[PDB]
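Enquirer: Have a look at this one.
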Number of protein chains: 6
Amino acid sequence: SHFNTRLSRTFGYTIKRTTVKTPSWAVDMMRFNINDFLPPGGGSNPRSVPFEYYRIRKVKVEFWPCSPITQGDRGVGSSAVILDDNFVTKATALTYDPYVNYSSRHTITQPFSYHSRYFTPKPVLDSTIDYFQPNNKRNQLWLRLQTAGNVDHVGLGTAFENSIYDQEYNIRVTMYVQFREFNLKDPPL
Amino acid sequence: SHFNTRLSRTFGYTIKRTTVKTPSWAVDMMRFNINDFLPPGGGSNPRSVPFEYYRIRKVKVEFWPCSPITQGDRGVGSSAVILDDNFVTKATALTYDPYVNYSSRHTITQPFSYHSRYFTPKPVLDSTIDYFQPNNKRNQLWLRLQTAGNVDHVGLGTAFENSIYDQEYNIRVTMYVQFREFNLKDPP
Amino acid sequence: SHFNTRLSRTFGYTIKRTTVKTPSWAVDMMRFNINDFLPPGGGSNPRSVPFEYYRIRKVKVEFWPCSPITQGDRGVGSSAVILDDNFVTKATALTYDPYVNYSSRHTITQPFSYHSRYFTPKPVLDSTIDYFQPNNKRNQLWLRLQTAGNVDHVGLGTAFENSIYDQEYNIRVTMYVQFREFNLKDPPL
Amino acid sequence: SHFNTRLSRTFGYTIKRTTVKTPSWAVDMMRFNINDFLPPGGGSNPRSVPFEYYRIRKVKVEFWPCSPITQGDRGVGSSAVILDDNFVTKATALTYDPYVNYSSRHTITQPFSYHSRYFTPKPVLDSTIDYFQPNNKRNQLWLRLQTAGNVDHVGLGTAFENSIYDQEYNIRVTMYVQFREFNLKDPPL
Amino acid sequence: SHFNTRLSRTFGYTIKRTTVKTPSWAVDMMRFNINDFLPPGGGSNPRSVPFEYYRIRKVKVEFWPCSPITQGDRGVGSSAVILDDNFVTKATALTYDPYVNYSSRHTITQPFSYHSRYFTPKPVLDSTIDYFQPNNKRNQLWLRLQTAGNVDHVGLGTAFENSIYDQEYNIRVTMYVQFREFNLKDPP
Amino acid sequence: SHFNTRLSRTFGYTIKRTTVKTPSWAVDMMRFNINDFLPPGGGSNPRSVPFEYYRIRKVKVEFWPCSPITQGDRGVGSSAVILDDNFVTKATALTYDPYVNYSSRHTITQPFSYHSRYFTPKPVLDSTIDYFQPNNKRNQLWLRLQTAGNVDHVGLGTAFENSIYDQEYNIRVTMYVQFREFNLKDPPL
């Protein structure tokens with residue numbers, strides 16, 4: 001009846017070099033949607049894992065640095081966990097790191113170091129009120145596993161210190177998902 | 001403050017005879033809405049149970065067969081608990097039983113045997129996301145008892161093997177409802 | 001099977017000023033009928049609580065005074081529990097408190113004090129013999145919940161000392177009613 | 001990191017005098033919205049408390065009578081807790097107290113008595129279905145602290161008995177709020 | 001890291017009426033193949049469950065009778081478990097029940113009764129030699145889950161007594177399968 | 001109510017390259033003012049946290065180097081904790097490390113190594129006498145949270161060995177502050 005597993009994807013992230021002489025920050029964000037982890041299935045089974053319900057238990061975000069350990073103009077930034085879908089506005093060179101004081105902030109060391117965050121994300125159930133459940137096991141909502149309109153889950157704010165060089169990362173995101181209700185259809189012939 | 005009780009209703013259901021040779025299934029669905037269990041009130045008490053809030057603790061679905069124990073071309077099918085309001089599409093003769101592999105499937109025996117299911121159903125709170133609470137007691141959402149526009153609760157998918165004969169049933173649905181906040185008005 | 005609840009109604013009561021000089025009392029009486037607490041329902045459920053039988057466990061009579069704490073010509077009277085439906089004849093200015101010697105008498109203070117009584121009342125089953133059951137829990141009679149012609153229960157004699165001024169009360173009566181046998185009918189449409 | 005705190009505001013309420021001779025009740029209602037307790041902030045901290053999320057643990061509604069203890073035509077009303085945003089229709093002189101039989105009812109004494117209610121209110125999350133969580137602690141929904149458009153929380157029905165006099169109160173609402181996720185921005189210059 | 005589940009299918013079986021007057025038996029066989037339970041998937045996930053390996057733990061063969069409990073010319077047959085893929089030759093009216101003395105034989109009551117067998121079947125690994133493992137759990141072979149042409153497992157010989165009437169059945173086959181090695185692909 | 005929290009800010013520091021032959025030290029200093037951590041408020045809540053009083057428990061000073069770990073001409077320097085606002089005089093290239101024998105000295109490794117200090121700083125109460133309290137919890141002076149002209153706290157002296165290459169750091173200063181007496185004003189509208 002229940003199936004625990006782990007799903008992953010890796011995409012590129014560049015912070016383009018700047019020439020601002022004062023410390024600045026590249027502010028951005030990250031949501032998580034199961035459509036980017038589970039491709040569509042086939043025939044009478046529209047998704048590739050044949051289950052009717054899911055809930056995302058945990059997300060791990062890993063920033064795998066591309067820069068060599070020889071690279072200079074090293075900086076210091078912040079990742080914070082944003083559970084209400086209310087991120088700081090996307091900015092190229094903000095004059096301060098807007099996430100540093102966040103209670104959930106962790107320091108990102110730049111540009112040749114790993115960084116990861118691991119936490120329970122929340123679904124965006126109503127973007128007007130922006131409400132979510134307390135971090136939990138037994139009482140977490142079950143969601144329908146849809147084919148294509150899956151609800152955004154929510155997650156992570158970032159501010160990377162700008163540099164005189166480019167700072168490239170491979171980002172790997174991994175969802176620890178609990179699926180429920182085996183639904184495999186089996187047509188004949 | 002609380003009131004636990006049980007509301008029932010009965011309706012007919014006929015699977016119509018077919019001539020298709022090979023096995024085939026009549027796929028349907030079932031929802032439960034308190035509108036059908038709870039008639040309106042009168043005057044200042046707009047509902048027959050004078051309470052402000054309720055939740056549905058359990059639904060029991062009973063299929064009481066009409067066919068006699070003598071009837072042939074007996075079949076086998078499935079019921080499944082669908083808590084997300086995403087049922088298999090309605091179908092007169094699907095070439096397989098699309099519910100048979102469901103985790104929540106129970107076997108239905110046809111045409112002259114009883115079948116029942118008993119589970120906690122879920123309200124349809126947002127049909128786009130289709131979210132629901134884990135099976136629980138004290139943490140279950142309370143709902144407003146509305147005179148008319150009450151929310152669908154969600155439940156049961158079905159597949160009856162088609163037959164050379166008609167297969168008629170009386171379906172008795174029973175909700176075990178918890179009501180809260182007695183609200184009786186008493187004009188003069 | 002059992003539903004224990006509480007139903008209330010509030011009504012006006014005025015004791016009109018006099019200019020008799022000698023102390024004199026307004027004598028009256030109080031019955032309790034579920035018709036006054038339970039309106040009619042609609043359709044196939046002719047009463048507003050859908051039960052077949054009932055009995056009244058306790059009644060509470062509250063005299064809420066309207067007169068201000070500054071009102072003079074204070075006076076003294078009596079409330080008595082009368083379970084046999086035989087109240088003292090109603091009177092405007094009787095020359096004594098006809099209830100002061102009753103075993104169940106409690107003293108009413110006038111005209112700005114609260115006064116409450118709490119007791120098991122009895123149904124008026126045969127007004128000629130006027131018999132009733134001893135105050136008791138498991139053995140108390142069950143009565144059919146009628147729409148229309150519910151039986152009086154019986155309870156309270158009052159004698160308020162009259163005064164140079166008007167004495168006004170809001171009276172709130174509360175029945176603690178046990179209901180039995182859920183009977184809800186559910187027609188279609 | 002959480003911060004518990006208490007927030008208050010005070011406003012007037014008047015029940016205008018009437019000449020209706022029979023007992024009648026002024027019926028109204030109270031919702032609670034955090035926009036009225038937390039003013040707007042300044043600069044890059046939009047809200048005067050720099051937290052990302054809140055939830056309302058408790059609400060105290062206090063009715064502070066203005067009328068002096070010498071006032072006459074005293075009355076008796078009702079407060080009830082309404083958690084589904086479905087109150088009785090506002091009415092100047094209803095012929096009964098519509099809230100007296102409510103399970104959550106408390107008696108209100110008029111016109112010179114203090115009345116409080118204290119309880120967990122509920123956010124108005126969908127006014128079509130009007131659902132809410134059972135009164136809990138650690139499972140309670142978290143909400144985004146908005147600058148402008150916060151969600152009503154829901155709460156209190158009232159029925160005051162009408163009077164030959166004006167009946168004034170200062171009402172003081174007080175929200176016991178829990179805030180979560182410190183988020184202070186510190187731009188430079 | 002592992003995933004137990006259950007997969008089911010149903011099909012018809014008819015034993016056509018005869019007028020041979022002395023007792024005779026309709027003799028047949030049953031093999032089980034996971035292609036019939038587990039359809040193709042999509043894209044880069046060629047199977048509808050994304051596992052690399054499986055093994056079949058157990059099969060249940062359920063003969064659900066179609067004949068009504070009123071039907072006469074009732075008879076008596078045999079099922080047997082054949083683990084080595086060597087069944088008695090298919091026959092219409094064999095003059096004895098060739099499975100009745102088999103150690104694994106169970107009795108089949110005809111025509112209106114349920115019958116089931118539940119056992120560990122075996123893969124057909126080499127059909128010249130026809131070897132198989134002792135019924136086990138932790139030493140049981142893993143097999144690749146193929147898209148295409150999965151290996152038969154082996155299983156059930158039947159012998160139903162013939163009748164003056166037709167004898168129809170819905171046969172339900174159920175595979176308790178254990179999958180291993182989640183292998184889901186996720187192209188962008 | 002006490003509210004315990006953390007406030008940070010980051011700024012650049014560059015030691016400019018020299019061609020002095022012999023070992024020389026760039027001597028400098030650091031004070032901490034909450035002005036630089038807490039932007040102003042708005043309306044009747046003139047500061048971004050709404051508390052009347054504060055004291056600084058602890059400061060973290062972090063030197064996050066910019067130079068790569070490949071850089072040569074490495075050196076060795078000193079930090080020291082100066083609680084009496086009496087720092088060695090600022091100097092481009094002093095011919096010794098003036099803080100090496102301080103009791104509170106920690107060794108700094110240059111130019112690619114992190115360095116931190118964590119200590120209880122002291123307010124500058126009277127810079128004629130320069131007095132401070134011994135490091136404590138329950139006895140530390142409370143100070144008023146001012147909008148504009150808060151009191152320098154004091155702290156850290158630095159001596160970095162000069163180099164043939166430049167040596168940049170991002171410096172992150174973090175104040176662990178305890179605030180007391182919630183004071184939020186809530187006007188209407």
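So you can find residues: chains in the structure tokens are A, B, ... in the order shown, residues in each start at 1, and ligands are numbered from 1 in order.
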Using only C-alpha atoms, determine which residues of chain B fall within 12 Å of chain E; present them as a PDB file with N, CA, C and O atoms, in the first residue's frame.

Expert:
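This is the output file selection14.pdb:
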```
ATOM      1  N   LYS B  21     -19.155 -11.016 -25.931  1.00  0.00           N
ATOM      2  CA  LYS B  21     -19.002 -12.479 -25.657  1.00  0.00           C
ATOM      3  C   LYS B  21     -18.038 -12.672 -24.456  1.00  0.00           C
ATOM      4  O   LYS B  21     -18.362 -13.288 -23.422  1.00  0.00           O
ATOM      5  N   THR B  22     -16.866 -12.069 -24.651  1.00  0.00           N
ATOM      6  CA  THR B  22     -15.750 -12.049 -23.722  1.00  0.00           C
ATOM      7  C   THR B  22     -16.052 -11.187 -22.489  1.00  0.00           C
ATOM      8  O   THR B  22     -16.762 -10.185 -22.633  1.00  0.00           O
ATOM      9  N   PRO B  23     -15.387 -11.465 -21.341  1.00  0.00           N
ATOM     10  CA  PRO B  23     -15.486 -10.633 -20.135  1.00  0.00           C
ATOM     11  C   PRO B  23     -15.341  -9.105 -20.333  1.00  0.00           C
ATOM     12  O   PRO B  23     -14.438  -8.639 -21.034  1.00  0.00           O
ATOM     13  N   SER B  24     -16.207  -8.353 -19.674  1.00  0.00           N
ATOM     14  CA  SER B  24     -16.224  -6.911 -19.785  1.00  0.00           C
ATOM     15  C   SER B  24     -16.859  -6.367 -18.528  1.00  0.00           C
ATOM     16  O   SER B  24     -17.650  -7.092 -17.862  1.00  0.00           O
ATOM     17  N   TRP B  25     -16.537  -5.106 -18.206  1.00  0.00           N
ATOM     18  CA  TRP B  25     -16.936  -4.547 -16.906  1.00  0.00           C
ATOM     19  C   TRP B  25     -17.625  -3.230 -17.064  1.00  0.00           C
ATOM     20  O   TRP B  25     -17.335  -2.493 -17.972  1.00  0.00           O
ATOM     21  N   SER B  67     -30.945  -9.939  -7.676  1.00  0.00           N
ATOM     22  CA  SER B  67     -30.971 -11.230  -8.348  1.00  0.00           C
ATOM     23  C   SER B  67     -31.114 -12.381  -7.344  1.00  0.00           C
ATOM     24  O   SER B  67     -30.661 -12.287  -6.213  1.00  0.00           O
ATOM     25  N   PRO B  68     -31.801 -13.451  -7.725  1.00  0.00           N
ATOM     26  CA  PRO B  68     -32.009 -14.589  -6.794  1.00  0.00           C
ATOM     27  C   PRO B  68     -30.813 -15.540  -6.779  1.00  0.00           C
ATOM     28  O   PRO B  68     -29.996 -15.500  -7.727  1.00  0.00           O
ATOM     29  N   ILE B  69     -30.726 -16.440  -5.787  1.00  0.00           N
ATOM     30  CA  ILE B  69     -29.537 -17.346  -5.703  1.00  0.00           C
ATOM     31  C   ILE B  69     -29.489 -18.401  -6.864  1.00  0.00           C
ATOM     32  O   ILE B  69     -28.473 -19.125  -7.077  1.00  0.00           O
ATOM     33  N   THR B  70     -30.548 -18.419  -7.678  1.00  0.00           N
ATOM     34  CA  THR B  70     -30.627 -19.281  -8.854  1.00  0.00           C
ATOM     35  C   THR B  70     -30.012 -18.743 -10.102  1.00  0.00           C
ATOM     36  O   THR B  70     -29.962 -19.459 -11.057  1.00  0.00           O
ATOM     37  N   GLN B  71     -29.627 -17.485 -10.147  1.00  0.00           N
ATOM     38  CA  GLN B  71     -29.226 -16.843 -11.432  1.00  0.00           C
ATOM     39  C   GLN B  71     -27.799 -17.191 -11.834  1.00  0.00           C
ATOM     40  O   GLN B  71     -26.883 -17.207 -11.003  1.00  0.00           O
ATOM     41  N   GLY B  72     -27.644 -17.388 -13.129  1.00  0.00           N
ATOM     42  CA  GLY B  72     -26.426 -17.831 -13.728  1.00  0.00           C
ATOM     43  C   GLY B  72     -25.574 -16.720 -14.236  1.00  0.00           C
ATOM     44  O   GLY B  72     -25.698 -15.626 -13.780  1.00  0.00           O
ATOM     45  N   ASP B  73     -24.718 -17.036 -15.207  1.00  0.00           N
ATOM     46  CA  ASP B  73     -23.644 -16.151 -15.739  1.00  0.00           C
ATOM     47  C   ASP B  73     -23.102 -15.257 -14.676  1.00  0.00           C
ATOM     48  O   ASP B  73     -23.104 -14.028 -14.752  1.00  0.00           O
ATOM     49  N   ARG B  74     -22.671 -15.923 -13.634  1.00  0.00           N
ATOM     50  CA  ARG B  74     -22.100 -15.261 -12.496  1.00  0.00           C
ATOM     51  C   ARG B  74     -20.723 -14.673 -12.819  1.00  0.00           C
ATOM     52  O   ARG B  74     -19.964 -15.225 -13.595  1.00  0.00           O
ATOM     53  N   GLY B  75     -20.427 -13.553 -12.180  1.00  0.00           N
ATOM     54  CA  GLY B  75     -19.293 -12.736 -12.497  1.00  0.00           C
ATOM     55  C   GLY B  75     -18.573 -12.363 -11.234  1.00  0.00           C
ATOM     56  O   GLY B  75     -19.033 -12.619 -10.111  1.00  0.00           O
ATOM     57  N   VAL B  76     -17.426 -11.755 -11.439  1.00  0.00           N
ATOM     58  CA  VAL B  76     -16.597 -11.307 -10.382  1.00  0.00           C
ATOM     59  C   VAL B  76     -16.105  -9.913 -10.782  1.00  0.00           C
ATOM     60  O   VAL B  76     -15.772  -9.697 -11.948  1.00  0.00           O
ATOM     61  N   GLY B  77     -16.084  -8.973  -9.825  1.00  0.00           N
ATOM     62  CA  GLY B  77     -15.578  -7.592 -10.025  1.00  0.00           C
ATOM     63  C   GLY B  77     -14.941  -6.997  -8.791  1.00  0.00           C
ATOM     64  O   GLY B  77     -14.458  -7.735  -7.911  1.00  0.00           O
ATOM     65  N   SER B  78     -14.880  -5.665  -8.735  1.00  0.00           N
ATOM     66  CA  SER B  78     -14.091  -4.958  -7.691  1.00  0.00           C
ATOM     67  C   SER B  78     -14.711  -3.632  -7.237  1.00  0.00           C
ATOM     68  O   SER B  78     -15.391  -2.924  -8.009  1.00  0.00           O
ATOM     69  N   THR B  95     -12.788  -3.704 -21.261  1.00  0.00           N
ATOM     70  CA  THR B  95     -12.330  -5.092 -21.576  1.00  0.00           C
ATOM     71  C   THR B  95     -11.523  -5.744 -20.439  1.00  0.00           C
ATOM     72  O   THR B  95     -11.089  -6.866 -20.580  1.00  0.00           O
ATOM     73  N   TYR B  96     -11.315  -5.020 -19.334  1.00  0.00           N
ATOM     74  CA  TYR B  96     -10.665  -5.510 -18.110  1.00  0.00           C
ATOM     75  C   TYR B  96     -11.274  -4.784 -16.935  1.00  0.00           C
ATOM     76  O   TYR B  96     -12.049  -3.852 -17.122  1.00  0.00           O
ATOM     77  N   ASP B  97     -10.955  -5.268 -15.732  1.00  0.00           N
ATOM     78  CA  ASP B  97     -11.429  -4.706 -14.451  1.00  0.00           C
ATOM     79  C   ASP B  97     -10.346  -3.770 -13.978  1.00  0.00           C
ATOM     80  O   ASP B  97      -9.328  -4.190 -13.423  1.00  0.00           O
ATOM     81  N   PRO B  98     -10.567  -2.490 -14.178  1.00  0.00           N
ATOM     82  CA  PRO B  98      -9.508  -1.521 -13.913  1.00  0.00           C
ATOM     83  C   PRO B  98      -9.229  -1.277 -12.428  1.00  0.00           C
ATOM     84  O   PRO B  98      -8.211  -0.627 -12.093  1.00  0.00           O
ATOM     85  N   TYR B  99     -10.143  -1.722 -11.559  1.00  0.00           N
ATOM     86  CA  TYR B  99      -9.906  -1.642 -10.122  1.00  0.00           C
ATOM     87  C   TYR B  99      -9.217  -2.848  -9.475  1.00  0.00           C
ATOM     88  O   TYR B  99      -8.801  -2.764  -8.342  1.00  0.00           O
ATOM     89  N   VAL B 100      -9.046  -3.941 -10.172  1.00  0.00           N
ATOM     90  CA  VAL B 100      -8.632  -5.145  -9.493  1.00  0.00           C
ATOM     91  C   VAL B 100      -7.224  -5.056  -8.813  1.00  0.00           C
ATOM     92  O   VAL B 100      -7.002  -5.722  -7.822  1.00  0.00           O
ATOM     93  N   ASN B 101      -6.296  -4.245  -9.333  1.00  0.00           N
ATOM     94  CA  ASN B 101      -4.983  -4.120  -8.700  1.00  0.00           C
ATOM     95  C   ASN B 101      -4.900  -3.023  -7.657  1.00  0.00           C
ATOM     96  O   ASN B 101      -3.847  -2.802  -7.069  1.00  0.00           O
ATOM     97  N   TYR B 102      -5.987  -2.327  -7.405  1.00  0.00           N
ATOM     98  CA  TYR B 102      -5.919  -1.218  -6.454  1.00  0.00           C
ATOM     99  C   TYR B 102      -5.568  -1.730  -5.057  1.00  0.00           C
ATOM    100  O   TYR B 102      -6.096  -2.734  -4.628  1.00  0.00           O
ATOM    101  N   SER B 103      -4.709  -1.046  -4.318  1.00  0.00           N
ATOM    102  CA  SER B 103      -4.431  -1.463  -2.895  1.00  0.00           C
ATOM    103  C   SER B 103      -5.685  -1.697  -2.062  1.00  0.00           C
ATOM    104  O   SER B 103      -5.726  -2.636  -1.320  1.00  0.00           O
ATOM    105  N   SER B 104      -6.682  -0.826  -2.216  1.00  0.00           N
ATOM    106  CA  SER B 104      -7.935  -0.828  -1.452  1.00  0.00           C
ATOM    107  C   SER B 104      -9.060  -1.740  -2.039  1.00  0.00           C
ATOM    108  O   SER B 104     -10.198  -1.744  -1.566  1.00  0.00           O
ATOM    109  N   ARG B 105      -8.740  -2.506  -3.081  1.00  0.00           N
ATOM    110  CA  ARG B 105      -9.728  -3.324  -3.751  1.00  0.00           C
ATOM    111  C   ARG B 105     -10.199  -4.389  -2.831  1.00  0.00           C
ATOM    112  O   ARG B 105      -9.419  -4.996  -2.148  1.00  0.00           O
ATOM    113  N   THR B 107     -12.947  -7.749  -3.555  1.00  0.00           N
ATOM    114  CA  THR B 107     -13.673  -8.533  -4.561  1.00  0.00           C
ATOM    115  C   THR B 107     -15.211  -8.514  -4.423  1.00  0.00           C
ATOM    116  O   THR B 107     -15.733  -8.637  -3.346  1.00  0.00           O
ATOM    117  N   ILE B 108     -15.913  -8.318  -5.520  1.00  0.00           N
ATOM    118  CA  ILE B 108     -17.361  -8.304  -5.520  1.00  0.00           C
ATOM    119  C   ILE B 108     -17.671  -9.585  -6.189  1.00  0.00           C
ATOM    120  O   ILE B 108     -17.115  -9.898  -7.197  1.00  0.00           O
ATOM    121  N   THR B 109     -18.655 -10.267  -5.666  1.00  0.00           N
ATOM    122  CA  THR B 109     -19.121 -11.509  -6.216  1.00  0.00           C
ATOM    123  C   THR B 109     -20.569 -11.189  -6.666  1.00  0.00           C
ATOM    124  O   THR B 109     -21.294 -10.392  -5.992  1.00  0.00           O
ATOM    125  N   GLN B 110     -20.920 -11.733  -7.839  1.00  0.00           N
ATOM    126  CA  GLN B 110     -22.108 -11.354  -8.642  1.00  0.00           C
ATOM    127  C   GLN B 110     -22.874 -12.549  -9.142  1.00  0.00           C
ATOM    128  O   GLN B 110     -22.258 -13.541  -9.497  1.00  0.00           O
ATOM    129  N   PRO B 111     -24.191 -12.476  -9.250  1.00  0.00           N
ATOM    130  CA  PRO B 111     -24.994 -11.276  -9.059  1.00  0.00           C
ATOM    131  C   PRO B 111     -25.761 -11.285  -7.734  1.00  0.00           C
ATOM    132  O   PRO B 111     -26.504 -10.307  -7.467  1.00  0.00           O
ATOM    133  N   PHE B 112     -25.600 -12.355  -6.926  1.00  0.00           N
ATOM    134  CA  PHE B 112     -26.582 -12.602  -5.850  1.00  0.00           C
ATOM    135  C   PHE B 112     -25.982 -12.513  -4.503  1.00  0.00           C
ATOM    136  O   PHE B 112     -26.541 -13.021  -3.563  1.00  0.00           O
ATOM    137  N   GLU B 161     -18.640  -7.091 -13.315  1.00  0.00           N
ATOM    138  CA  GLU B 161     -18.559  -7.878 -14.546  1.00  0.00           C
ATOM    139  C   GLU B 161     -19.929  -7.895 -15.189  1.00  0.00           C
ATOM    140  O   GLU B 161     -20.948  -8.085 -14.479  1.00  0.00           O
ATOM    141  N   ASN B 162     -19.941  -7.615 -16.497  1.00  0.00           N
ATOM    142  CA  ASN B 162     -21.184  -7.631 -17.280  1.00  0.00           C
ATOM    143  C   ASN B 162     -21.720  -9.061 -17.409  1.00  0.00           C
ATOM    144  O   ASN B 162     -20.974  -9.990 -17.248  1.00  0.00           O
ATOM    145  N   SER B 163     -23.002  -9.206 -17.697  1.00  0.00           N
ATOM    146  CA  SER B 163     -23.650 -10.513 -17.721  1.00  0.00           C
ATOM    147  C   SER B 163     -24.667 -10.632 -18.844  1.00  0.00           C
ATOM    148  O   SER B 163     -25.230  -9.628 -19.292  1.00  0.00           O
ATOM    149  N   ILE B 164     -24.963 -11.877 -19.206  1.00  0.00           N
ATOM    150  CA  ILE B 164     -26.068 -12.218 -20.102  1.00  0.00           C
ATOM    151  C   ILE B 164     -27.438 -11.773 -19.573  1.00  0.00           C
ATOM    152  O   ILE B 164     -28.329 -11.510 -20.372  1.00  0.00           O
TER     153      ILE B 164
END
```

Enquirer: Report the residues of chain A whose backbone DSSP state falls under strand (DSSP E), written as number ranges by chain.

Expert: A: 2-15, 25-32, 40-42, 45-47, 51-65, 76-81, 91-94, 106-109, 115-119, 122-123, 131-132, 142-144, 153-161, 167-182

Enquirer: Residues of chain C that approach chain B to 10 Å or less, counting only C-alpha atoms: could you list each one with the shortest pair of atoms and its distance in Å to one decimal, rows by chain and increasing residue number, as CSV?

Expert:
```
residue,atom,partner,partner_atom,distance
C:1,CA,B:5,CA,8.3
C:2,CA,B:3,CA,9.3
C:3,CA,B:3,CA,7.3
C:4,CA,B:1,CA,9.3
C:5,CA,B:1,CA,8.4
C:6,CA,B:182,CA,9.2
C:7,CA,B:184,CA,8.0
C:8,CA,B:186,CA,8.1
C:9,CA,B:186,CA,7.4
C:10,CA,B:188,CA,9.6
C:11,CA,B:188,CA,9.5
C:35,CA,B:186,CA,9.8
C:36,CA,B:188,CA,7.4
C:37,CA,B:186,CA,6.0
C:38,CA,B:186,CA,6.1
C:39,CA,B:186,CA,5.7
C:40,CA,B:42,CA,7.2
C:41,CA,B:42,CA,4.7
C:42,CA,B:42,CA,4.1
C:43,CA,B:41,CA,7.2
C:44,CA,B:39,CA,8.4
C:45,CA,B:48,CA,7.0
C:46,CA,B:42,CA,8.8
C:47,CA,B:48,CA,8.4
C:48,CA,B:48,CA,6.3
C:49,CA,B:49,CA,6.5
C:50,CA,B:49,CA,7.0
C:182,CA,B:5,CA,8.4
C:184,CA,B:48,CA,7.9
C:185,CA,B:39,CA,7.9
C:186,CA,B:39,CA,5.8
C:187,CA,B:39,CA,7.1
C:188,CA,B:36,CA,7.1
C:189,CA,B:36,CA,7.8
```

Enquirer: Let me see the file: selected residues, C-alpha atoms, as a PDB file, in the first residue's frame.

Expert:
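Output below, filename out_2.pdb:
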```pdb
ATOM      1  CA  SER C   1     -29.745   6.570  21.252  1.00  0.00           C
ATOM      2  CA  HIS C   2     -29.592   9.394  23.895  1.00  0.00           C
ATOM      3  CA  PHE C   3     -29.184  13.048  23.392  1.00  0.00           C
ATOM      4  CA  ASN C   4     -28.813  15.194  26.514  1.00  0.00           C
ATOM      5  CA  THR C   5     -29.318  18.893  25.916  1.00  0.00           C
ATOM      6  CA  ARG C   6     -30.358  22.220  27.286  1.00  0.00           C
ATOM      7  CA  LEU C   7     -33.093  24.560  25.842  1.00  0.00           C
ATOM      8  CA  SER C   8     -33.948  28.138  27.015  1.00  0.00           C
ATOM      9  CA  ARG C   9     -36.406  31.009  26.667  1.00  0.00           C
ATOM     10  CA  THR C  10     -36.590  34.418  28.252  1.00  0.00           C
ATOM     11  CA  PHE C  11     -39.865  36.385  28.976  1.00  0.00           C
ATOM     12  CA  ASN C  35     -43.897  23.575  23.271  1.00  0.00           C
ATOM     13  CA  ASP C  36     -42.436  26.860  24.385  1.00  0.00           C
ATOM     14  CA  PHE C  37     -38.717  25.637  23.917  1.00  0.00           C
ATOM     15  CA  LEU C  38     -38.907  23.539  20.822  1.00  0.00           C
ATOM     16  CA  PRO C  39     -40.342  25.105  17.727  1.00  0.00           C
ATOM     17  CA  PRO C  40     -42.059  22.984  15.040  1.00  0.00           C
ATOM     18  CA  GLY C  41     -39.755  21.561  12.291  1.00  0.00           C
ATOM     19  CA  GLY C  42     -40.551  21.183   8.550  1.00  0.00           C
ATOM     20  CA  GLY C  43     -41.583  18.435   6.142  1.00  0.00           C
ATOM     21  CA  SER C  44     -41.362  14.780   7.245  1.00  0.00           C
ATOM     22  CA  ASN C  45     -39.573  15.755  10.571  1.00  0.00           C
ATOM     23  CA  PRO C  46     -42.359  17.601  12.381  1.00  0.00           C
ATOM     24  CA  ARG C  47     -40.238  18.605  15.405  1.00  0.00           C
ATOM     25  CA  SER C  48     -36.930  20.536  15.485  1.00  0.00           C
ATOM     26  CA  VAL C  49     -35.087  17.797  17.368  1.00  0.00           C
ATOM     27  CA  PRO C  50     -35.570  14.477  15.620  1.00  0.00           C
ATOM     28  CA  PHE C 182     -33.386   9.183  16.912  1.00  0.00           C
ATOM     29  CA  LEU C 184     -34.986  11.282  11.375  1.00  0.00           C
ATOM     30  CA  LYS C 185     -36.853  10.681   8.136  1.00  0.00           C
ATOM     31  CA  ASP C 186     -35.027  11.400   4.930  1.00  0.00           C
ATOM     32  CA  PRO C 187     -37.301  11.696   1.848  1.00  0.00           C
ATOM     33  CA  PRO C 188     -35.864  12.226  -1.613  1.00  0.00           C
ATOM     34  CA  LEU C 189     -35.504  15.535  -3.668  1.00  0.00           C
TER      35      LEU C 189
END
```

Enquirer: Which is closer to residue 137 (chain C) than all the others in C:70, C:178, C:162, C:110, using only C-alpha atoms?

Expert: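 For residue 137 (chain C), the nearest of the candidates is C:178.
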
Enquirer: Find the spatial neighbours of region 64-68 of chain F, counting only C-alpha atoms, within a cut-off of 7 Å - ignore same-chain residues fewer than 6 positions away - and output them as a PyMOL selection string.

Expert: (chain A and resi 70-75) or (chain F and resi 111-114+167-171)

Enquirer: Calculate how many Å separate CA of residue 59 (chain A) from CA of residue 177 (chain A), rounding to one decimal.

Expert: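 Computed distance, CA of residue 59 (chain A) to CA of residue 177 (chain A), equals 8.7 Å.
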